[PDB]
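To find a chain, count down the sequence lines: A is the first, B the second, and so on, and within it residues start at 1.
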Amino acid sequence: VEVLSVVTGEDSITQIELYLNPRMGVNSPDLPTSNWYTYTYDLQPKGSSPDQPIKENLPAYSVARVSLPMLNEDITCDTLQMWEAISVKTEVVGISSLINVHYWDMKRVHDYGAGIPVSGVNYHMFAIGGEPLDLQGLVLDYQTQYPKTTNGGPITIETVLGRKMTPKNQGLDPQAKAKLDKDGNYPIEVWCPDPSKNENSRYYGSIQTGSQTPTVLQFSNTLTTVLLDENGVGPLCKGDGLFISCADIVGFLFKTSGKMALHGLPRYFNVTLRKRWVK
Amino acid sequence: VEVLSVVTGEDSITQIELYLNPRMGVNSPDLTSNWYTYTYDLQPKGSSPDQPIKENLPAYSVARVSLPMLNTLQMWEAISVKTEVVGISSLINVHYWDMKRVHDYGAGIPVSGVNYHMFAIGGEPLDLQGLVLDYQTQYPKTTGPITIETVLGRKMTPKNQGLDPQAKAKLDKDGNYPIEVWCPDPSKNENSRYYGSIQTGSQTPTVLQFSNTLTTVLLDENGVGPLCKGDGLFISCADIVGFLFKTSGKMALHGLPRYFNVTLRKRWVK
Amino acid sequence: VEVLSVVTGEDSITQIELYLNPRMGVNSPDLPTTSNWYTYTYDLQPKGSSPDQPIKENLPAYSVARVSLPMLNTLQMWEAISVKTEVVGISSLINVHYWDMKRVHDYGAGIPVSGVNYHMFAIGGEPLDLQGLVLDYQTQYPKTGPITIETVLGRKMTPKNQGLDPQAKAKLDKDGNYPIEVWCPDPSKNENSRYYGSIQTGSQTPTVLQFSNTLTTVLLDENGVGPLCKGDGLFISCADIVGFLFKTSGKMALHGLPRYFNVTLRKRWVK
Amino acid sequence: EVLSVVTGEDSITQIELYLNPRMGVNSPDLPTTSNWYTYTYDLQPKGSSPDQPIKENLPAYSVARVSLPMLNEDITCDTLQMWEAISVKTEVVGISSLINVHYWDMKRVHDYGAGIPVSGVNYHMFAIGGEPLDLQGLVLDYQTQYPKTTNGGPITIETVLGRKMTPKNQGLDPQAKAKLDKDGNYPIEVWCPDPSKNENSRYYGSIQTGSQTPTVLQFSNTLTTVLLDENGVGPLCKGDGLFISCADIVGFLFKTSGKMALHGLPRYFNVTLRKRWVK
Amino acid sequence: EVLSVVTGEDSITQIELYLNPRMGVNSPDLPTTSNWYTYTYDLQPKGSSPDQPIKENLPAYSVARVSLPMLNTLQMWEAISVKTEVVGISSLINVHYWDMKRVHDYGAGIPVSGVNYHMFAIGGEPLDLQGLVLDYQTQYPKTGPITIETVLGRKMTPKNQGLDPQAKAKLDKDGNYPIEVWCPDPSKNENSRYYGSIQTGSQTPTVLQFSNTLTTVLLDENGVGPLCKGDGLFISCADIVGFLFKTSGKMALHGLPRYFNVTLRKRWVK
Ligand SMILES: CC(=O)N[C@@H]1[C@@H](O)[C@H](O[C@@H]2O[C@H](CO)[C@H](O)[C@H](O[C@]3(C(=O)O)C[C@H](O)[C@@H](NC(C)=O)[C@H]([C@H](O)[C@H](O)CO)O3)[C@H]2O)[C@@H](CO)O[C@H]1O
Ligand SMILES: CC(=O)N[C@H]1[C@H]([C@H](O)[C@H](O)CO)O[C@@](O)(C(=O)O)C[C@@H]1O
Ligand SMILES: [Cl-]
Ligand SMILES: [Cl-]
Ligand SMILES: [Cl-]
Ligand SMILES: [Cl-]
Ligand SMILES: [Cl-]
């Protein structure tokens, strides 16, 4: 997979724009329950063993594969052009919507007060790759009984192993590995990016725990992420496909009853790519 | 529009100064004006639906600045800006007559909690994307703030809790675009620069800086700043600085004004 | 004033040292009657009925000094090029055993000085330009005592003074006289001054401060010019509120610390 | 004496590994107790003197020695080639797992609410060296009776001194030194890196105390730590051994009863080494 | 006058030391009270005036003078850089001190947290100190701690709540100068470098870093480090890391030792 020179010429640079809507558990706006689109259901400890969480309570990674302009007339040549992602402008959309402290069923911060704003657990990541993101499985509790389904979601450790989790899945088990190849099917609480692979991807992420911790976010269209590695090489899109992945949990909606649901926001991407000779 | 060379000469540079007063809900000091720079009391009803009043919807400030007329032609290019939140010091006041106390015999709870800060400099209106916390929120009809129902010509659906590419607007009117409804559209705004932050929480400290030594460069990666179409410079902002906590337990958001000093140069364009 | 070249010669550079003591409300230590509360306010409380009629002891104000510089005289002016500045006495805030300190819980230590912080300093060749803006326009500040928006306008504040009112302007020409809660630096003026500040609200928010004698602030603008001292006077201004003293009864007073300055100045030709 | 970097073909090599946390329950393989793998047991003040902590409540450092390819045919020569560690990409794995706020026995934040997220005390460090990490002993309370090493306990200050601790071990006792040469046997609360030694190691660490303090962690495969010193020399691997140490405490699991247990996450390393001539 | 840096074979030396914290119980070698070494006694507002704090409740600065090899227009050692580290940070993960107050019933102990104070100084003479106290009516013990009364020879007046030019001392004795009374004097200390911070609050997270890759450069703006008068290097510090919370509700401040490795070079001076 030898990288040669950057292609020179007129249309050697292109731009790819897209947005990814969050997949928090209620993943569709088009259902007769869709009122909770971009939210989970109510998150509660069961109180007895074992936990059997519902799919609505399992926020999942967003992913899209973007098809790119075909570059090579004869694909049997050793030396071909490939799209190389060199930079990205990315932004969490709808941040301002979180100033709303008057949702009708918001728990009031104290008697007669404004609602507790969306706050608490945050998880924020994005990835740009020339192939699916590689995932490592690890869970808080190996005894958790994740939903078994027939329609390909959610995919968890039991799904990939073809057998029950054992205690080692609370740590790093090299067999618990997957590719982020489907939108809204790989739960955040089960899968993280695999740092031992992903040579052809760049990812950036953070978590914030706490129950009412401030959600603190910036947005600016002046911010650019360079996607080049130390050798000056960005992700190379094999099969003329650009993989874009993300997750943006922005906190809890505090309901009057005391119930709490996690909330997510969409993410925008503008990826600059260039043509690169490879061998 | 292809960008040519920067113009050289004696009157090549100019500086535009302005301030923008906050539009929190009570938007005029010349009327109920006692609550100017504040909302009314923000309070989840406990029952459905939510029908917020106009006084409870903080909105973006905006001004179009007419620039000296110039005229393949010359356009004004915004190259840098000094901007500052004005009146930050007023927030040390912990003795508002009706301020809720931190405890018995204590000082008032200081303005703190939800902050939202943004400013934009552009050569056309700021492009907005609509997204709401709850699509069932019934905003007042435009007679009146502009919201998603106004632009769509029909009610919101669940998709307006996410990114609906139809929910788009332009920031063309001062005090009319609710902050909780509209955010800068990153898919557009090629000819504007915007910078913003949010801080959620109820008594989360308000932490702000001020200095006249701080400059924001508005040039893009190619060395080109926003280009002022029809000789109009668009200046937009929002500066929510937290809640005024009242004795009863009621709470209102508060805003502060923003000052701008924009440096512009003449630029040949085709 | 057109700025020419930096003067060359043996004694073209001078250094100015000073400290400013905080003006928190009880502004003097020399009153045998009430100076125990020097560097603090009195007890800050919401009145519970309208209007607020705050006392002078509850209005922290800016510190100011004009420093006389050597007479030089198209003429020469002193140009401030850098400053080393420090909040003095930061270590005193480890004391959690003030005799009347509200305890964190039963048998525990005192609540340390914490909560509202406001820190700013300014160096200029003339008084700092101030913009007026208050939380509540119906506040009835003491008559001139402190100089407030009502003082400069010669009439009662109106709602517009809760936002930016271009008539609500003053110069910081008097020590301990301009209430911090009324006045902020005017960013529309102050071309011949450099100012830096911040605020932190919240009731018990940690007071977090640094101090080092290795930190210099460069005062030159984007054109390599520092403030130029009109009539050979250097103006230094600051405020350093460091949080609340929490008292047993529930009462709370604001506290401030002093600030030190070492300003480096050079001679500059101007026209 | 350090001489010149070796110029040649296979002059650079990469070493990949992960270390699973040793929080107290250190094996996933034990017949009965292993469900608490990556956790401590319940942490409690005894209420009477002295503290007599159990193994399971004493998080320890992770460590591995990695065998490097043999470089010298003749080991008698004055001048030899050694592996020199020059950079490392390291990442805490499984960070996303901490969004789980529905552990079956999770203490709620309030009635009907979600579980208190894993939060509070954090401790994070990693070290890359050419020899075992040098340790310095210091404890909160010198009267603490750690389980005896001979009884199958961890190695602590008493172990190294051959006698009981005295009040001076609440400060810096220059005789309370050890080397990190054993996985999950040196307690974090007893041993910190020794700054008076470790010339042939690079270490980086932080603590965060408080009970429900947000756990704030980042992850990216774009972040590289440079291991070179001020003279441009990285750790030199004695006996062809690369020493890799870490500790990643990420907070408390809050249980319904009020009981609390600390939790850790695994850490991944990718160390780049080059060949170096040494006299 | 500072001349040229000495060139030659043995011109650079390294000085290594550590300093144990002087929180109040200053010695590990006492009959029955050393169990609290590196801590204060219990800190408690009396509820009546005046405060009469005990020496066990007054954390003080650590200081050492290191003798450097003799050299003698003369040569002097010049401190050019330091690696410094707070040792024992990992010990603070212990949430099971036998008498630790719980966060809630059945819970773990409240971790060491709250007030932090961190400072270090390297110089060629003793650090210059400025006196300032929260409460000038505080009755400190006589000499033993050295406080403002000791140095003035008369009672503190209200001015000592601010900056009193007469309230000055030199940090010449280990564990004798209370932190709550003395801070580094910025009006002197030309021949020292000092770096410090405070963090207030009762349960504020203790957030500390440690790494053997961090170096502080000690040279001033002219490239000159502290010059060691009479071949003596002065090293001073303080590291309060927060409170130990006891079951009863009582609280003690706690400190940690600090390590130093100073690089010095020979410098010609007239
Ligand atoms: C059956 C009965 O009533 N017995 C009591 C016995 O409990 C008591 O001992 C004291 O009990 C209290 C209970 O809150 C504390 O546990 C005392 O311990 C501490 C404290 O936390 O207050 C421990 C702390 O470390 C000590 N501080 C220092 C600096 O050493 C303090 C301190 O010495 C005391 O508060 C005195 O200032 O004590 C514990 O001593 C005894 C003795 O009072 O009386 C029996 O009748
Ligand atoms: C500014 C000041 O001196 N405040 C003091 C007040 C007032 O003397 C009286 O309340 C009269 O208003 O009295 C206290 O006992 C109190 O209530 O806590 C102590 C406090 O320091
Ligand atoms: Cl995050
Ligand atoms: Cl913000
Ligand atoms: Cl501040
Ligand atoms: Cl940490
Ligand atoms: Cl600190």
Side-chain angles (χ1 to χ4, degrees), chain A residues 87-99 124 214-225 265 267-270, chain B residues 16-20 22-23 58-63 65 77-86 88 114-129 131 170-171 177 179 182-200 206-228 233-241 255-264, chain C residues 187 198:
Chain A
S87 73
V88 56
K89 284 188 165 172
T90 177
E91 192 165 298
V92 181
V93 175
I95 285 169
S96 67
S97 74
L98 307 177
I99 73 148
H124 293 283
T215 291
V216 174
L217 300 165
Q218 303 83 45
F219 50 98
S220 180
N221 70 332
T222 68
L223 292 172
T224 306
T225 300
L265 284 177
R267 183 181 277 271
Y268 170 79
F269 297 88
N270 188 349
Chain B
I16 287 294
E17 268 199 8
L18 74 159
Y19 63 85
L20 289 175
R23 309 295 177 216
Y60 292 98
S61 296
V62 51
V65 174
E77 173 187 7
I79 68 168
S80 68
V81 59
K82 281 190 167 177
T83 183
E84 173 169 309
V85 176
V86 168
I88 286 172
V114 173
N115 272 250
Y116 180 87
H117 302 278
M118 76 93 63
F119 73 91
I121 313 293
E124 58 197 83
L126 188 63
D127 293 307
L128 302 171
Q129 169 74 54
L131 188 157
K170 284 172 179 178
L171 188 49
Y177 291 86
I179 291 162
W182 304 106
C183 67
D185 187 353
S187 82
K188 298 181 81 186
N189 283 307
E190 220 95 311
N191 193 39
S192 293
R193 312 295 180 261
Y194 66 83
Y195 313 83
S197 62
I198 201 165
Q199 165 185 289
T200 73
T206 301
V207 173
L208 306 165
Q209 301 84 34
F210 54 95
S211 175
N212 67 337
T213 69
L214 289 172
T215 297
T216 298
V217 172
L218 297 169
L219 306 180
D220 63 17
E221 67 276 19
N222 297 318
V224 182
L227 293 163
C228 300
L233 173 62
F234 279 81
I235 291 150
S236 309
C237 65
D239 289 289
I240 298 167
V241 295
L256 283 179
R258 189 178 276 271
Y259 168 81
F260 301 79
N261 182 0
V262 184
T263 295
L264 308 94
Chain C
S198 64

Legend entry - Shortest non-hydrogen contact from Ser96(A) toward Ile179(B): OG-O, 2.8 Å
Inset, instruction - Of all the heavy-atom pairs spanning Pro125(B) and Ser192(B), show the shortest one and how long it is. - result: O-OG, 4.3 Å
Legend entry - Criterion side-chain contact (heavy atoms from CB on, under 4.5 Å) on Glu221(B) and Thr224(A), from CA distance to verdict: CA-CA 9 Å; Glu221(B) 67 276 19; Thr224(A) 306; 5.7 Å; no
Legend entry - From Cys237(B) atom SG to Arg23(B) atom CZ, the distance as rounded to the nearest 0.5 Å: 9.5 Å
Legend entry - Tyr60(B) side chain vs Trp182(B) backbone, donor-acceptor pair below 3.5 Å: yes
Inset, instruction - Answer yes or no: is there a donor N or O on one side and an acceptor on the other, between the side chain of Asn222(B) and the main chain of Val224(B), under 3.5 Å? - result: no
Legend entry - Counterpart residues, side chain to side chain donor-acceptor pair (under 3.5 Å), relative to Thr90(A) (two or more places apart): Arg267(A)
Inset, instruction - Report yes or no: does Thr263(B) contribute a side-chain atom to a donor-acceptor pair with the main-chain N or O of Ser80(B) at less than 3.5 Å? - result: no
Legend entry - Audit row: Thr216(B), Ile121(B), side-chain contact (heavy atoms from CB on, under 4.5 Å) steps and yes/no: CA-CA 10 Å; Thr216(B) 298; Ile121(B) 313 293; over 6 Å; no
Inset, instruction - Without swapping roles, check the side chain of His117(B) against the backbone of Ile240(B) for a donor-acceptor pair under 3.5 Å. - result: yes
Legend entry - Spatial distance of atom CD1 (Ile198(B)) from atom CG (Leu98(A)) [nearest 0.5 Å]: 5.0 Å
Legend entry - Least distance between heavy atoms, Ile235(B) atom then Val262(B) atom: CD1-CG2, 4.3 Å
Inset, instruction - For the residue pair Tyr195(B) and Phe119(B), categorise the inter-ring angle as parallel (less than 30°), tilted (30 to 60°) or perpendicular (more than 60°). - result: parallel
Legend entry - Separation between CD1 of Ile88(B) and CD of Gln209(B), rounded to the nearest 0.5 Å: 8.0 Å
Inset, instruction - Compare all side-chain heavy atoms of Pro184(B) with those of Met118(B) and state whether any distance is below 4.5 angstrom. - result: yes
Inset, instruction - Evaluate whether atom CD of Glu17(B) has more than 12 neighbouring non-hydrogen atoms of other residues, nucleotides or ligands under 6.0 angstrom away. - result: yes
Inset, instruction - Determine the minimum heavy-atom distance between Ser61(B) and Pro22(B), stating which atoms define it. - result: OG-CA, 4.0 Å
Legend entry - Sidechain-backbone polar pair: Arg193(B) side chain, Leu218(B) backbone, donor-acceptor under 3.5 Å: yes
Legend entry - Donor-acceptor under 3.5 Å (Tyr177(B) side chain, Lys170(B) main chain): yes
Inset, instruction - Measure the spacing between CG of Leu217(A) and CD of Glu91(A) and express it to the nearest 0.5 Å. - result: 10.5 Å
Inset, instruction - List in chain and number order the residues that pass side chain to side chain donor-acceptor pair (under 3.5 Å) with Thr222(A), two or more places apart in sequence or in another chain; answer none if no residue qualifies. - result: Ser220(A)
Inset, instruction - Compute the centroid of each ring, for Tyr116(B) and then for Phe219(A), and state whether the two points are separated by less than 6.0 Å. - result: yes
Inset, instruction - Provide the closest heavy-atom pair for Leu171(B) versus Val62(B) in the form atom of the first, atom of the second, distance. - result: O-CG2, 3.8 Å
Legend entry - Atom of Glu77(B), atom of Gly225(B) and distance for their closest heavy-atom approach: OE2-N, 2.8 Å
Inset, instruction - Examine distances only and state if a side-chain atom of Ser236(B) and a backbone atom of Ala120(B) form a donor-acceptor pair shorter than 3.5 Å. - result: no
Inset, instruction - Quick one: do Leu219(B) and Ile79(B) satisfy side-chain contact (heavy atoms from CB on, under 4.5 Å)? Show the steps, please. - result: CA-CA 6 Å; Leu219(B) 306 180; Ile79(B) 68 168; 3.9 Å; yes
Legend entry - Heavy-atom side-chain proximity of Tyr19(B) to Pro257(B) below 4.5 angstrom: no
Legend entry - Separation of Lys89(A) NZ from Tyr268(A) OH (nearest 0.5 Å): 8.5 Å
Inset, instruction - Spell out, as yes or no, whether a donor-acceptor pair under 3.5 Å connects the side chain of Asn221(A) to the backbone of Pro186(B). - result: no
Legend entry - Test side-chain contact (heavy atoms from CB on, under 4.5 Å) applied to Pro214(A) - qualifying residues, sequence neighbours left out: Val216(A), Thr204(B)
Inset, instruction - Apply the test side-chain contact (heavy atoms from CB on, under 4.5 Å) to residues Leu256(B) and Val86(B): give CA-CA distance (whole Å), side-chain angles for both, the deciding distance (0.1 Å), then the verdict. - result: CA-CA 6 Å; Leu256(B) 283 179; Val86(B) 168; over 6 Å; no
